[PDB]
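Presented below is the structure to which this report refers.
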Amino acid sequence: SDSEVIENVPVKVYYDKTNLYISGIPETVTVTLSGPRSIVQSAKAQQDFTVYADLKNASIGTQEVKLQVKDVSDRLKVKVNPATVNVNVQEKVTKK
Ligand SMILES: [Cl-]
């Protein structure tokens with residue numbers, strides 16, 4: 001078993017980009033990977049996993065969101081720091 005702490009991993013953010021703009025998510029996070037050596041090392045070398053905040057079902061306003069990981073081997077244990085973040089989901093247009 002092997003383990004790597006990877007710094008400065010980008011966070012993708014998914015949402016209705018047509019109507020909304022979302023501020024507050026960090027641009028990067030720290031990801032910890034553990035599992036079989038070959039798989040941990042390939043993930044570190046290629047960094048082909050994806051950390052994301054999915055705000056597709058969010059309503060306008062302030063909230064919190066847990067960060068997810070995809071495109072990652074099923075043989076790895078993964079955690080993200082910070083695990084959850086504050087977000088501000090704003091409408092691109094103003095009604096005031
Ligand atoms: Cl904000």
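In the structure tokens, chains take the letters A, B, ... in the order shown, each chain's residues start at 1, and ligands count up from 1 in the order shown.
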
(message) So that I can check the surroundings of residue 41 of chain A, please list as a list in words every protein, DNA and RNA residue that reaches within 12 Å of it, counting only C-alpha atoms and ignoring chain neighbours fewer than 2 positions away.
(response)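 Within the cut-off, the hits are residues 1, 2, 3, 4, 5, 6, 33, 34, 35, 36, 37, 38, 39, 43, 44, 45, 46, 47, 48, 73 and 76 of chain A.
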
Written file, previous selection with N, CA, C and O atoms, as an mmCIF file, in the first residue's frame:
```cif
data_model
loop_
_atom_site.group_PDB
_atom_site.id
_atom_site.type_symbol
_atom_site.label_atom_id
_atom_site.label_comp_id
_atom_site.auth_asym_id
_atom_site.auth_seq_id
_atom_site.Cartn_x
_atom_site.Cartn_y
_atom_site.Cartn_z
ATOM 1 N N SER A 1 0.848 -1.232 0.000
ATOM 2 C CA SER A 1 0.000 0.000 0.000
ATOM 3 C C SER A 1 0.865 1.256 0.000
ATOM 4 O O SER A 1 1.932 1.303 0.616
ATOM 5 N N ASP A 2 0.379 2.266 -0.707
ATOM 6 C CA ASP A 2 1.104 3.502 -0.931
ATOM 7 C C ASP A 2 0.157 4.667 -0.662
ATOM 8 O O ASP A 2 -1.062 4.484 -0.644
ATOM 9 N N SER A 3 0.721 5.847 -0.403
ATOM 10 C CA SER A 3 -0.066 7.068 -0.132
ATOM 11 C C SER A 3 0.680 8.319 -0.579
ATOM 12 O O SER A 3 1.893 8.446 -0.364
ATOM 13 N N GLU A 4 -0.060 9.255 -1.181
ATOM 14 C CA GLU A 4 0.498 10.513 -1.666
ATOM 15 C C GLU A 4 -0.456 11.648 -1.330
ATOM 16 O O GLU A 4 -1.662 11.513 -1.482
ATOM 17 N N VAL A 5 0.098 12.754 -0.844
ATOM 18 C CA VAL A 5 -0.651 13.981 -0.600
ATOM 19 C C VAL A 5 -0.245 14.910 -1.741
ATOM 20 O O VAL A 5 0.921 15.219 -1.909
ATOM 21 N N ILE A 6 -1.220 15.303 -2.537
ATOM 22 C CA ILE A 6 -0.972 16.094 -3.736
ATOM 23 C C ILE A 6 -1.542 17.493 -3.506
ATOM 24 O O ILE A 6 -2.748 17.644 -3.276
ATOM 25 N N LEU A 33 -4.396 10.443 -1.655
ATOM 26 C CA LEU A 33 -4.691 9.175 -2.344
ATOM 27 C C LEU A 33 -3.994 8.046 -1.634
ATOM 28 O O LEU A 33 -2.829 8.204 -1.303
ATOM 29 N N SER A 34 -4.676 6.915 -1.449
ATOM 30 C CA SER A 34 -4.020 5.726 -0.893
ATOM 31 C C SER A 34 -4.530 4.481 -1.608
ATOM 32 O O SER A 34 -5.690 4.418 -2.028
ATOM 33 N N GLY A 35 -3.658 3.495 -1.762
ATOM 34 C CA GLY A 35 -4.040 2.258 -2.451
ATOM 35 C C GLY A 35 -2.824 1.571 -3.008
ATOM 36 O O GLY A 35 -1.717 1.880 -2.582
ATOM 37 N N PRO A 36 -3.023 0.697 -4.010
ATOM 38 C CA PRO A 36 -1.901 -0.041 -4.596
ATOM 39 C C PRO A 36 -0.886 0.904 -5.200
ATOM 40 O O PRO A 36 -1.253 1.871 -5.900
ATOM 41 N N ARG A 37 0.385 0.641 -4.941
ATOM 42 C CA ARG A 37 1.460 1.512 -5.403
ATOM 43 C C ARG A 37 1.420 1.938 -6.868
ATOM 44 O O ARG A 37 1.578 3.137 -7.161
ATOM 45 N N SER A 38 1.189 1.007 -7.783
ATOM 46 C CA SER A 38 1.217 1.334 -9.181
ATOM 47 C C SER A 38 0.119 2.337 -9.532
ATOM 48 O O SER A 38 0.332 3.232 -10.349
ATOM 49 N N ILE A 39 -1.060 2.143 -8.944
ATOM 50 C CA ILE A 39 -2.217 2.994 -9.204
ATOM 51 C C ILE A 39 -2.059 4.365 -8.560
ATOM 52 O O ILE A 39 -2.378 5.398 -9.191
ATOM 53 N N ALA A 43 -1.627 7.901 -10.723
ATOM 54 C CA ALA A 43 -2.546 9.017 -10.473
ATOM 55 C C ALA A 43 -1.749 10.269 -10.132
ATOM 56 O O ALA A 43 -2.101 11.373 -10.553
ATOM 57 N N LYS A 44 -0.688 10.115 -9.361
ATOM 58 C CA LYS A 44 0.182 11.260 -9.065
ATOM 59 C C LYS A 44 0.878 11.784 -10.313
ATOM 60 O O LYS A 44 0.912 12.997 -10.547
ATOM 61 N N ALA A 45 1.391 10.881 -11.145
ATOM 62 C CA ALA A 45 2.126 11.280 -12.335
ATOM 63 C C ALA A 45 1.256 11.999 -13.369
ATOM 64 O O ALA A 45 1.658 13.011 -13.930
ATOM 65 N N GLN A 46 0.062 11.465 -13.608
ATOM 66 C CA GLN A 46 -0.831 12.013 -14.634
ATOM 67 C C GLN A 46 -1.877 12.999 -14.124
ATOM 68 O O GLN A 46 -2.395 13.801 -14.908
ATOM 69 N N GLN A 47 -2.186 12.937 -12.826
ATOM 70 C CA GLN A 47 -3.211 13.780 -12.194
ATOM 71 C C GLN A 47 -4.470 13.854 -13.047
ATOM 72 O O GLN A 47 -5.032 14.919 -13.303
ATOM 73 N N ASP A 48 -4.886 12.700 -13.500
ATOM 74 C CA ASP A 48 -6.022 12.604 -14.413
ATOM 75 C C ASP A 48 -7.371 12.426 -13.713
ATOM 76 O O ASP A 48 -8.418 12.304 -14.377
ATOM 77 N N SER A 73 -9.304 5.769 -10.243
ATOM 78 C CA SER A 73 -9.373 4.324 -10.087
ATOM 79 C C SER A 73 -10.231 3.913 -8.903
ATOM 80 O O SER A 73 -10.151 4.489 -7.827
ATOM 81 N N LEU A 76 -8.486 3.147 -5.375
ATOM 82 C CA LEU A 76 -7.959 4.201 -4.481
ATOM 83 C C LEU A 76 -8.943 4.727 -3.450
ATOM 84 O O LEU A 76 -10.159 4.774 -3.691
#
```

(request) May I ask you to write as number ranges by chain all residues lying at most 12 Å from ligand 1, with only C-alpha atoms and all ligand atoms counted? (result) A: 21-26, 61-64, 85-90

Keeping N, CA, C and O atoms, export the residues of the selection given above as a CSV table (one decimal), in the first residue's frame.
```csv
chain,number,residue,atom,x,y,z
A,21,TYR,N,-23.4,32.8,-11.9
A,21,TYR,CA,-21.9,32.9,-11.7
A,21,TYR,C,-21.7,32.5,-10.3
A,21,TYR,O,-22.4,33.0,-9.4
A,22,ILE,N,-20.8,31.6,-10.0
A,22,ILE,CA,-20.6,31.1,-8.6
A,22,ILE,C,-19.2,31.5,-8.1
A,22,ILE,O,-18.2,31.2,-8.8
A,23,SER,N,-19.1,32.2,-7.0
A,23,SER,CA,-17.9,32.6,-6.4
A,23,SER,C,-17.8,31.8,-5.1
A,23,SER,O,-18.7,31.2,-4.6
A,24,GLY,N,-16.6,31.9,-4.5
A,24,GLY,CA,-16.3,31.2,-3.2
A,24,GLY,C,-15.6,29.9,-3.2
A,24,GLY,O,-15.1,29.5,-2.2
A,25,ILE,N,-15.6,29.2,-4.3
A,25,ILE,CA,-14.9,27.9,-4.3
A,25,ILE,C,-13.4,28.1,-4.5
A,25,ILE,O,-12.9,29.0,-5.2
A,26,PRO,N,-12.5,27.5,-3.6
A,26,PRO,CA,-11.1,27.6,-3.9
A,26,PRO,C,-10.7,27.1,-5.2
A,26,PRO,O,-11.3,26.2,-5.7
A,61,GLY,N,-28.2,31.9,-4.3
A,61,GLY,CA,-27.9,32.3,-3.0
A,61,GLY,C,-26.7,31.6,-2.4
A,61,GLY,O,-26.0,30.8,-3.1
A,62,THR,N,-26.6,31.7,-1.1
A,62,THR,CA,-25.4,31.2,-0.4
A,62,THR,C,-25.7,29.7,0.1
A,62,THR,O,-26.8,29.4,0.5
A,63,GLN,N,-24.7,28.9,0.1
A,63,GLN,CA,-24.8,27.5,0.6
A,63,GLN,C,-23.4,26.9,0.8
A,63,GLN,O,-22.4,27.6,0.7
A,64,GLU,N,-23.4,25.6,1.0
A,64,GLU,CA,-22.1,24.9,1.2
A,64,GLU,C,-22.2,23.6,0.3
A,64,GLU,O,-23.3,23.1,0.0
A,85,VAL,N,-17.0,23.3,1.1
A,85,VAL,CA,-16.7,24.7,0.9
A,85,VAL,C,-18.0,25.5,0.8
A,85,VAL,O,-19.0,25.0,0.4
A,86,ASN,N,-17.8,26.8,1.2
A,86,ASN,CA,-18.9,27.8,1.1
A,86,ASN,C,-19.0,28.3,-0.4
A,86,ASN,O,-18.0,28.6,-0.9
A,87,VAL,N,-20.2,28.5,-0.9
A,87,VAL,CA,-20.4,29.0,-2.2
A,87,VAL,C,-21.5,30.0,-2.2
A,87,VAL,O,-22.4,30.1,-1.3
A,88,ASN,N,-21.3,30.9,-3.1
A,88,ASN,CA,-22.3,32.0,-3.4
A,88,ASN,C,-22.7,31.9,-4.8
A,88,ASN,O,-21.9,32.0,-5.8
A,89,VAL,N,-24.0,31.5,-5.0
A,89,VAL,CA,-24.5,31.3,-6.3
A,89,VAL,C,-25.3,32.5,-6.7
A,89,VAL,O,-26.3,32.8,-6.1
A,90,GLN,N,-24.8,33.3,-7.7
A,90,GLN,CA,-25.4,34.5,-8.0
A,90,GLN,C,-26.0,34.5,-9.4
A,90,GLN,O,-25.4,33.9,-10.3
```

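Here atom CA of residue 11 of chain A is placed at a distance of 7.4 Å from atom CA of residue 50 of chain A.
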
(request) Work out how far apart atom CA of residue 49 of chain A and atom CA of residue 68 of chain A are and give it in Å to one decimal. (result) 10.4 Å

(message) I need the residues of chain A that end up classed as alpha helix (DSSP H) by DSSP on the backbone, written out as JSON, numbers by chain.
(response) {"A": [37, 38, 39, 40, 41, 42, 43, 44, 45, 46]}

Selection from above, N, CA, C and O atoms, as a compact mmCIF listing (two decimals), in the first residue's frame, can you write it?
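The resulting file, out32.txt, is shown below:
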```
# COMPACT_ATOMS: atom_id res chain seq x y z
N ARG A 37 0.38 0.64 -4.94
CA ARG A 37 1.46 1.51 -5.40
C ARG A 37 1.42 1.94 -6.87
O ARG A 37 1.58 3.14 -7.16
N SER A 38 1.19 1.01 -7.78
CA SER A 38 1.22 1.33 -9.18
C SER A 38 0.12 2.34 -9.53
O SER A 38 0.33 3.23 -10.35
N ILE A 39 -1.06 2.14 -8.94
CA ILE A 39 -2.22 2.99 -9.20
C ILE A 39 -2.06 4.37 -8.56
O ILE A 39 -2.38 5.40 -9.19
N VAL A 40 -1.56 4.40 -7.32
CA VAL A 40 -1.28 5.70 -6.66
C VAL A 40 -0.26 6.50 -7.46
O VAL A 40 -0.43 7.69 -7.73
N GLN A 41 0.82 5.84 -7.86
CA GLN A 41 1.85 6.53 -8.58
C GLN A 41 1.41 7.03 -9.97
O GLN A 41 1.82 8.12 -10.38
N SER A 42 0.59 6.26 -10.68
CA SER A 42 0.09 6.71 -11.97
C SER A 42 -0.81 7.91 -11.78
O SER A 42 -0.75 8.86 -12.55
N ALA A 43 -1.63 7.90 -10.72
CA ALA A 43 -2.55 9.02 -10.47
C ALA A 43 -1.75 10.27 -10.13
O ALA A 43 -2.10 11.37 -10.55
N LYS A 44 -0.69 10.11 -9.36
CA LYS A 44 0.18 11.26 -9.06
C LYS A 44 0.88 11.78 -10.31
O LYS A 44 0.91 13.00 -10.55
N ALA A 45 1.39 10.88 -11.14
CA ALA A 45 2.13 11.28 -12.33
C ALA A 45 1.26 12.00 -13.37
O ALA A 45 1.66 13.01 -13.93
N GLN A 46 0.06 11.46 -13.61
CA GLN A 46 -0.83 12.01 -14.63
C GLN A 46 -1.88 13.00 -14.12
O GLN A 46 -2.40 13.80 -14.91
```
